[PDB]
4 protein chains.
Amino acid sequence: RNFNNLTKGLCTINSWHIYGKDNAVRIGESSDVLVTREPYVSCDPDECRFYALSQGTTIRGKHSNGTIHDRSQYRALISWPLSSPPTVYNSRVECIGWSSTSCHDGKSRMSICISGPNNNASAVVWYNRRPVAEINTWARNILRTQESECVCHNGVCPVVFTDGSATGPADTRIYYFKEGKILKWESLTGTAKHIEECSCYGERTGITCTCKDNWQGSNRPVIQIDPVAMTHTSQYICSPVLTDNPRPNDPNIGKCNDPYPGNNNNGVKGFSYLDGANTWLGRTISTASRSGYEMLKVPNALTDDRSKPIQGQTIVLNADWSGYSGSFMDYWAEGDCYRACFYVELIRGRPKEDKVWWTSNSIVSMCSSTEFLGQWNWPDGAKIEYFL
Amino acid sequence: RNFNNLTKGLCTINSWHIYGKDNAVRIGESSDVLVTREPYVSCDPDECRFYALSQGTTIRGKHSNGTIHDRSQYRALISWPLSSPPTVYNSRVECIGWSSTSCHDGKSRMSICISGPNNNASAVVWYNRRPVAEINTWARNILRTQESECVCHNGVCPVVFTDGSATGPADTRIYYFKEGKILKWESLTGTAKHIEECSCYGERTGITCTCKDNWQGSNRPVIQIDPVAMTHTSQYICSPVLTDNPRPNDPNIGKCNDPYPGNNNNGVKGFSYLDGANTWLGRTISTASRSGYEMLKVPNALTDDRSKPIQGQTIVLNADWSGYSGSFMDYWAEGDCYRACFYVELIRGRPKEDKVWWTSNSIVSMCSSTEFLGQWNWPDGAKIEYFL
Amino acid sequence: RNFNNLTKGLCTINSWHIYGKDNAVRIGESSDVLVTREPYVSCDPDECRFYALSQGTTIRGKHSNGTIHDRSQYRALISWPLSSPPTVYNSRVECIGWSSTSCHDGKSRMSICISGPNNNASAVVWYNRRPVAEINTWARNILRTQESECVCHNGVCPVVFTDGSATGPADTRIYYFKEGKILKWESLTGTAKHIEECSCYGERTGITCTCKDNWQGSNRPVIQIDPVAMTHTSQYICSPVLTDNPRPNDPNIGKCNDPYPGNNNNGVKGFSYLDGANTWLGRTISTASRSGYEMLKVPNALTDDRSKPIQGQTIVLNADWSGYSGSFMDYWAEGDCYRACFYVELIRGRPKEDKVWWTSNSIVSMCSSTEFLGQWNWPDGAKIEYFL
Amino acid sequence: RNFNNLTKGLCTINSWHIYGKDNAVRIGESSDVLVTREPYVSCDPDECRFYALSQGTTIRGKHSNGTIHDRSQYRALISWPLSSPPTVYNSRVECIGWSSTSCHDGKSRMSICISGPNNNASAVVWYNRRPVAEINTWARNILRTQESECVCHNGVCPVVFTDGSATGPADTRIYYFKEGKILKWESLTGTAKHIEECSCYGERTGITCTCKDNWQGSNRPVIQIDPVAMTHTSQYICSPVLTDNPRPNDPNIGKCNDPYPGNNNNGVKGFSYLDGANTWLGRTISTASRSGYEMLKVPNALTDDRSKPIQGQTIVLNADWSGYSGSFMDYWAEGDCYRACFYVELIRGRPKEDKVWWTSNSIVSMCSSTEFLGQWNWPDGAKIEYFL
Ligand SMILES: *[C@@H]1O[C@H](CO)[C@@H](O[C@@H]2O[C@H](CO)[C@@H](O[C@@H]3O[C@H](CO[C@H]4O[C@H](CO[C@H]5O[C@H](CO)[C@@H](O)[C@H](O)[C@@H]5O)[C@@H](O)[C@H](O[C@H]5O[C@H](CO)[C@@H](O)[C@H](O)[C@@H]5O)[C@@H]4O)[C@@H](O)[C@H](O[C@H]4O[C@H](CO)[C@@H](O)[C@H](O)[C@@H]4O[C@H]4O[C@H](CO)[C@@H](O)[C@H](O)[C@@H]4O[C@H]4O[C@H](CO)[C@@H](O)[C@H](O)[C@@H]4O)[C@@H]3O)[C@H](O)[C@H]2NC(C)=O)[C@H](O)[C@H]1NC(C)=O
Ligand SMILES: *[C@@H]1O[C@H](CO)[C@@H](O[C@@H]2O[C@H](CO)[C@@H](O[C@@H]3O[C@H](CO[C@H]4O[C@H](CO[C@H]5O[C@H](CO)[C@@H](O)[C@H](O)[C@@H]5O)[C@@H](O)[C@H](O[C@H]5O[C@H](CO)[C@@H](O)[C@H](O)[C@@H]5O)[C@@H]4O)[C@@H](O)[C@H](O[C@H]4O[C@H](CO)[C@@H](O)[C@H](O)[C@@H]4O[C@H]4O[C@H](CO)[C@@H](O)[C@H](O)[C@@H]4O[C@H]4O[C@H](CO)[C@@H](O)[C@H](O)[C@@H]4O)[C@@H]3O)[C@H](O)[C@H]2NC(C)=O)[C@H](O)[C@H]1NC(C)=O
Ligand SMILES: *[C@@H]1O[C@H](CO)[C@@H](O[C@@H]2O[C@H](CO)[C@@H](O[C@@H]3O[C@H](CO[C@H]4O[C@H](CO[C@H]5O[C@H](CO)[C@@H](O)[C@H](O)[C@@H]5O)[C@@H](O)[C@H](O[C@H]5O[C@H](CO)[C@@H](O)[C@H](O)[C@@H]5O)[C@@H]4O)[C@@H](O)[C@H](O[C@H]4O[C@H](CO)[C@@H](O)[C@H](O)[C@@H]4O[C@H]4O[C@H](CO)[C@@H](O)[C@H](O)[C@@H]4O[C@H]4O[C@H](CO)[C@@H](O)[C@H](O)[C@@H]4O)[C@@H]3O)[C@H](O)[C@H]2NC(C)=O)[C@H](O)[C@H]1NC(C)=O
Ligand SMILES: *[C@@H]1O[C@H](CO)[C@@H](O[C@@H]2O[C@H](CO)[C@@H](O[C@@H]3O[C@H](CO[C@H]4O[C@H](CO[C@H]5O[C@H](CO)[C@@H](O)[C@H](O)[C@@H]5O)[C@@H](O)[C@H](O[C@H]5O[C@H](CO)[C@@H](O)[C@H](O)[C@@H]5O)[C@@H]4O)[C@@H](O)[C@H](O[C@H]4O[C@H](CO)[C@@H](O)[C@H](O)[C@@H]4O[C@H]4O[C@H](CO)[C@@H](O)[C@H](O)[C@@H]4O[C@H]4O[C@H](CO)[C@@H](O)[C@H](O)[C@@H]4O)[C@@H]3O)[C@H](O)[C@H]2NC(C)=O)[C@H](O)[C@H]1NC(C)=O
Ligand SMILES: CCC(CC)O[C@@H]1C=C(C(=O)O)C[C@H](N)[C@H]1NC(C)=O
Ligand SMILES: CCC(CC)O[C@@H]1C=C(C(=O)O)C[C@H](N)[C@H]1NC(C)=O
Ligand SMILES: CCC(CC)O[C@@H]1C=C(C(=O)O)C[C@H](N)[C@H]1NC(C)=O
Ligand SMILES: [Ca+2]
Ligand SMILES: [Ca+2]
Ligand SMILES: [Ca+2]
Ligand SMILES: [Ca+2]
């Protein structure tokens, strides 16, 4: 086995096709399905799997009561076979904690889980299913990381962490790991003013992360990482097509180097693929809440502060609940290009549906096609009333 | 690993022996068994498995209500170990959608799932568990495919698709795939006037598909495919032993090149083995509904419009519900001939049993023997009243 | 991989140690455990597993009602990991039917399942998980076989079948298989007057089967098979220590060549290890019913019509239900001798416990030790009242 | 594969990080989780797993009633994937019995289970999943062993057994196994006056076991084993930081060669890492009951009868139930040192929580870090009232 290198460009994205869907909430109405949130997808050279943070209880279990709570001792990063639901009997625990990332380097997988109280959290870095390195909180305020997969190049896997306020300046660091060991870390540089929950992907040009500014911005900050030099830059998506949630309406001039104003102290994890004319942005349809999901083709969105959509695709109707979204790719697929993929977390229960006492989600996932495929919509599909 | 070639003829069929049975509805009365329909069987070089379209809920789950519905976003092609039932915990998702086919080429498996609304459906072709190619609807009217396994020769795997009306002329295409990539496609030629849900098998003479004419015919159309030249012909089974359902009574002269009349806009997926004097046809016992199942030895059924049975075997009593049936073979078995096999879908619930609000099925499967074996009958075996 | 040869003698048996126990009925009170009966144990070169005939329902499932019934279409031979219970989610179906045997030859496993109505039953012989050969009923009266493992030598695996009356002379055949193919079969010869449900083991001297005479005898018939010459002899255990159930009290002179009288048209599957001074017999403690189980060291029991016990070990107290028992050995274990093993089926439910409507069992299993180990007793352990 | 040799020293322990946690009781409120107690953790060269003694019933099962009982015929040593809970469907049975140990030698795993009545118990030694050797009770009074992993060096795996009184002098033996075979055994020598439930680990200096004196001592006895010479010594931890439970308050002078007095006929399994200035002791926080858990850095605790803590870490709050604790290490990890690990059994139910009729546990586990990591606390997390 050799370390994977990012030698390909993105495939041309002309539409999106269904990749995976687990229908976890539907099935968990009458099966031993774990309560989760913060899901993602990540590939090994021989298999792609769903990932999420378990809450250490099933949905029908009485301990599902109170699972809106983010950071208990009963959480763990689990993985399970593609499009199966996360069950007690098929879920593999990768590490223990309430914030995570994970990625395969071509030889083995690195998984990182953070646990602890708000003022004393720590990250444990696992490699090849063994703990290798640990990182203590540096700002004593909820050390946290991506909640989707990291990306590796020739054994080097960069990860973005934040420690500090969610409603003001915080201390963001980019760590560079190899075989679980810390090669280097850097403080955040560039014009991004607040960074959380980065969604990353890699291609020949380097590693691109689309993150969330929770403090002031409804445009998304972007971190661009060179995994060879182990250096990075940051800014915002220049486009006036704003992609955080909640957010103001789309203006005609975006902001490249500062938060676009209107909504403070809020946001959702999201993603984009930034690739010149081949650029596609994901966002919730609603500007007010986590409902609906759509992809928009916005040429040069990263660098053009006037850029508007020229094509799109609805993924989830506005009538249906969405949630977190993030990027991943099968870096070990055949062919001459990397096929862009993403998942959308479909949150059910609290706070929006409070007849039940739990919060969970299911997953839908798409990858790009060079065809111009017809579109459908992909709801969670569970009837909340069945759980009453 | 090498691509499989179809180098053998069919084994002489003198009777049928039990191959597999999952008793899924019996077991699912008190286990986490997924609601399914449209099942089949398909072999890898090292394992044979059951396949079906899940409905994304268990039978005892409240979401089983309404599963007579064919095309929801909650369906997926799943596979599971031979004769086990399709459970939440043992089912492997092959792809997402509501119409499918799947086959192994000797090196890896190709699976195809179609999803979307009626006017905007698309097929995604997976190879070696990765998406490779996509096909958009060409007639904007429920793009659909075999619902049983495809067959490969030297890496080339033909698949029959239909897009268009189920009650009039439609647009049928034969696609030729290799490693998931589209080599070629052709429009339907020959005398078959309507094609749906082809059941296929391969042998030295080529690939033979027995399909369903949903429009006018109660005889079954046949497509014969040369996977080397990538060409095909079509006609109907000439025999007056009619094998669709519902159907008229058997006449003494069948039809080779046109639908045999009596029943319009209806039918069921079925199969046959067409091999000269070694020819066997499957059919429901009832001419009116999907009940019972029998095999009939009808010499030269394909080409002889006077041909009648000279031997038979009851598989399911007329008193018991049947459903879809299709062909498969273990192409990787030892010996000098390919042993013909088939499955029968045993549908339970709606529309025939409407005290329950669900529709599901179990599977029974047989393969041929050169012995003249005693016959039994093989009902689903569940008591519907237990579910009330 | 090479075919296994029987090159070793039996280890000296000085006591019996616990080998496996699944507690299936206890666990199945609140888990998806399949209803079974007729269990056994059999080893592969890399794993040993529990086997049994499923009834195609769980114990808590409503379809458990009526499972005293022996021969439904819903039965299958399943295998599952040693000492785990037979669950819906961990059980592997070997073949479909209501009477079975199975054994590994060193390269692959042969499994045989019989199905059909009483007058038209057939055996299907599977090898390396594929059907290879089939055998039609020859007496049209419940074709049936061992219900425990067969034994192989240099690829040749003999199996004992019976077709015909259970209450009079029947037609017993010994079949000799290699890679699932029929090499040869012989009609029963020797002085055994009725043969059912043979329990077999192999060692350098050949293959020894201890069976059940259901017609007239309460001593057990024995078949001795030479797997090289493919020939056999038969007689009864000469010892007056009678080992069938029900049975008369032990006399002081046994019978070598005829049924010992007292109980007609009844019996239970059992076993023995016949090895000169190293001879041990298994039996129920009760002479009237299937309760208790004990092993008795009876020197030269096979050939000495005066032989009595000189040592023993209680396995199951008379107060607890037992049932079928049979032999197996790990032929792939390290060392210079084959360690004798056996299982006892612990039947719960009907007919003896009729407050419940089901019949099932759990398994306990022992192997021999060269130590003189202390003895315990090994009940099923379920409380029947919990199921009411 | 080669036998593992203990060639490394312990990593410097500056804090403890979360390693694993299964949340078994939470999940088992609504899943098929087996009732357990006496858990531990042990690594293979390619995987680390949780181990425990099942009670042969699930928690929600009616047979959970009475599981405070220690030694039934329904117990077995099971193992299951790291941080998953012990379920009916994912648990692998290693052997049958009510007291156990297990360890991998680099080539294969040895597991030992003891079963029987109090006066006639026996150990069966399994190697590479086969029974190899057996040991009969020598004192006829509950033959028993470690309840956590053993340790191997160049194929030699020492195990500590005790047979005899729990409230007076007993007969302790150290056995030395290789490939499951008994190389040698010795009677206990040294100044330890009573030995139970040893927790062991290995490093270049040899094998160190921290045990429980159930008779008179609230300091812990220590056995130090040379696996090459196959010899041992024993004493107590000299430190006045007392680590049994229940126990007196900490004095200023401990005892090196005799039980520290105050509490008779009681105790709990525990552990320590004894490594000069790198020494850490585990203990319950409460002196009266099995509640809370803490690690204390006590330099030269083994040899210094005045030694006090200079650093510590809370693992479980005093408000939460703890239980057994023991040592293990991943001997096959990369790097230049062995990373010290431990687990704590979190007992729920009887006797402390008698509203329920069962006794079970969950597991939390930590390994050492060279960082000074922030601390959290790790409760079982189940709400007992949910089970009423
Ligand atoms: C079968 O499936 C297929 C495949 O999916 C279906 O075909 C798809 O249909 C969908 C729906 O129509 C399309 O998505 C929309 O795409 C448009 C972009 O394409 C249009 O505009 C292009 C750009 O034109 C401009 O520039 C060009 C330069 O070339 C110039 O020529 C032109 O004059 C103009 O200046 C056109 O090029 C394009 O034409 C082409 O395509 C046509 C087919 O689409 C074809 O007919 C033409 O011949 C030509 O080939 C086309 O006109 C997106 O703009 C749109 O997204 C907006 O609207 C949706 C609602 O539908 C909304 O949710 C989006 O967020 C977005 O609108 C918001 O944001 C805007 C940007 O800021 C803003 O301006 C809006 O006011 C709006 O903002 C409000 O809402 C948001 C969200 O809540 C909020 O945040 C704001 O604050 C504010 O409140 C859709 O993505 C697919 O592209 C199309 N795919 C294909 C391959 O055709 C087909 O329909 C299915 N068949 C059936 C029968 O069902
Ligand atoms: C133990 O198990 C064994 C093995 O399973 C059992 O043995 C089996 O028994 C079954 C049941 O009898 C047999 O199945 C039937 O087979 C017959 C065909 O064989 C008969 O006819 C042959 C052809 O004869 C003609 O041509 C020959 C040329 O050689 C000529 O010689 C002859 O005069 C005549 O012209 C004969 O060769 C054959 O004889 C041989 O076999 C005999 C044993 O079977 C033996 O005794 C002889 O010595 C000789 O060796 C034999 O006579 C099928 O015709 C039949 O299928 C029809 O009937 C069933 C109902 O049973 C029906 O469901 C079928 O659909 C079909 O009938 C419908 O279709 C016909 C064709 O259009 C039509 O003509 C009918 O009117 C009818 O149509 C109506 O119903 C359908 C369906 O609902 C509907 O669609 C229509 O519209 C309409 O309403 C059976 O398949 C097995 O072959 C046999 N197997 C073996 C190896 O023997 C055994 O019984 C078991 N033992 C016990 C104790 O239980
Ligand atoms: C800790 O665990 C250990 C290890 O398990 C326990 O030790 C074990 O204890 C058990 C129970 O006692 C023993 O099992 C019994 O073994 C005897 C056989 O051994 C006795 O007899 C031997 C033969 O003696 C004869 O020949 C010799 C020739 O050498 C001659 O010297 C002698 O005079 C006589 O002629 C003796 O050699 C042997 O002595 C040796 O062992 C002694 C210890 O056992 C020791 O003290 C001596 O010093 C010496 O070393 C010993 O005396 C079996 O006969 C017996 O089985 C019968 O009884 C049980 C009931 O207990 C019954 O279920 C059996 O079926 C059987 O009895 C039925 O069948 C008979 C044969 O037909 C018949 O004669 C009976 O009337 C009876 O028939 C009735 O019931 C049956 C069944 O329902 C029915 O079918 C009939 O129709 C009828 O109704 C036991 O198997 C173990 O051998 C022993 N193991 C060891 C290693 O010691 C220990 O107890 C445990 N410790 C504690 C504290 O619990
Ligand atoms: C974020 O997380 C971090 C990392 O976890 C947190 O930092 C940790 O904080 C905890 C809690 O405070 C610390 O654990 C305690 O450690 C002390 C030992 O360290 C103290 O003492 C050291 C020794 O000093 C002595 O010798 C030195 C020689 O150098 C000499 O200089 C000195 O004068 C004195 O003679 C000091 O070196 C050490 O100072 C260092 O560290 C300080 C930070 O801790 C720092 O500020 C200093 O600058 C310096 O660097 C420090 O003073 C343990 O003693 C203590 O354990 C005792 O207390 C707990 C209760 O808290 C109890 O449960 C323990 O069992 C134990 O006390 C019992 O046993 C004693 C021994 O017999 C006995 O004397 C006691 O009376 C008591 O006995 C009673 O209870 C027991 C149990 O029920 C019963 O059995 C008895 O019978 C009786 O009833 C703690 O383990 C960590 O070390 C510390 N870690 C780090 C890296 O700093 C941080 O707090 C978190 N942040 C936030 C905001 O939450
Ligand atoms: C703690 C900062 C951050 C922003 C408020 O919280 C998050 C928001 C989330 C959300 O907006 O859905 C859920 C997260 N799991 C969470 N992260 C952690 C570590 O708790
Ligand atoms: C849509 C045409 C066709 C004929 C009416 O429908 C089918 C009939 C079926 C049936 O007759 O049982 C069930 C099928 N799953 C279905 N195919 C799809 C794609 O919905
Ligand atoms: C039998 C002596 C010993 C000390 C009283 O008992 C133990 C105490 C235990 C306890 O204190 O929790 C539980 C154990 N599983 C047990 N060991 C056996 C073999 O029963
Ligand atoms: Ca924001
Ligand atoms: Ca038709
Ligand atoms: Ca008898
Ligand atoms: Ca003590």
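Read the numbers this way: they start at 1 and go in the same order the structure lists the ligands and their atoms. Each chain gets a letter, A, B and so on, in the order its sequence line appears, and its residues count up from 1.
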- Message: Test of understanding: with ring-ring contact (aromatic ring centres under 6.0 Å, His included), list the residues that count as partners of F161(C), not counting sequence neighbours.
- Response: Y175(C)
- Heavy-atom distance under 4.5 Å between the side chains of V160(C) and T145(C), does that happen here? no
- Does a side chain donor of either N257(C) or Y236(C) reach within less than 3.5 Å of an acceptor in the other side chain? no
- Message: Does this structure show an ion pair linking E38(A) with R144(A), if we count only N-O contacts that are shorter than 4.0 Å?
- Response: no
- Query: Quick one: side-chain hydrogen bond (donor to acceptor under 3.5 Å, both in side chains) partners of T287(C), sequence neighbours excluded?
  - Reply: none
- Contact residues of ligand 4, where a non-hydrogen atom lies under 4.0 Å away: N119(A), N120(A), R247(D), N249(D), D250(D), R283(D), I285(D), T287(D), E294(D), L296(D), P309(D), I310(D), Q311(D), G312(D), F372(D), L373(D), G374(D), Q375(D)
- Can you name the one residue among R220(C), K212(C), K269(C) that meets salt bridge (charged side-chain N to carboxylate O under 4.0 Å, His left out) with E197(C)? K212(C)
- Are the two sulfur (SG) atoms of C198(A) and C209(A) closer than 2.5 Å? no
- Query: Is the distance between the ring centroids of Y293(D) and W378(D) under 6.0 Å?
  - Reply: no
- Item | Pairing of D250(D) and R283(D) as salt bridge, 4.0 angstrom limit | yes
- Message: Restricting to distances shorter than 3.0 Å, give the number of protein N, O or S atoms close to the Ca ion (ligand 8).
- Response: 4
